[PDB]
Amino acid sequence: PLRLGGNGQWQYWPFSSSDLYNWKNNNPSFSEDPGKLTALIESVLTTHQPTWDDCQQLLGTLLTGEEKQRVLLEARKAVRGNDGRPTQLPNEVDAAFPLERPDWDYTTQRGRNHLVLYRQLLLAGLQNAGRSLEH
């Protein structure tokens, strides 16, 4: 999580393990009921402003390896180019939705801007994977 500090600086705080444990174990699996975990994750992305690593941890905890892989792959399918339309250009896809830890600096606006886009894409990916599972 990212939090605006009392000194005007953005601070990184890791998820608490009790929160992670509870989110997973108080909830049905993603495959069994995609809507419940999707809603949970959407709220977490909003309220906790997680970093790229937080998102990996959140997905890793709540999803199985197969679920998580589908979700990230769907997220990358959601990347758009300048024309406001889909792109499959590796450099554009990787730039918006990196699968490897990026160099994004949470203390900077550029870095928080990348994070906002990444979380929007992740949510789309989650929604879209959920729908496939639902039909």
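So that there is no doubt, residue numbering starts at 1 and follows the sequence shown.
Do the C-alpha atoms of 84-92 or of 22-30 have the higher average B factor in the entry?
According to the PDB entry, the answer is 84-92.
So which stretch wins on mean C-alpha B-factor, 34-42 or 104-112?
Looking at the record's C-alpha B-factors, the answer is 34-42.
By its CA B factor, does residue 99 count among the lowest, middle or highest third of the modelled residues in the chain?
For residue 99, whose C-alpha B-factor we compare with every modelled residue in the chain, the answer is the middle third.
Would the CA B-factor of residue 6 place it in the lowest, middle or highest third of its chain?
Ranked within chain, residue 6 CA B lands in the highest tercile.
By the record's CA B-factor, is residue 78 among the lowest, middle or highest third of residues in the chain?
For residue 78, whose C-alpha B-factor we compare with every modelled residue in the chain, the answer is the highest third.
Based on the deposited C-alpha B factors for this chain, I'd like to know if residue 47 is in the lowest, middle or highest third.
Tercile = highest for this residue's CA B-factor.
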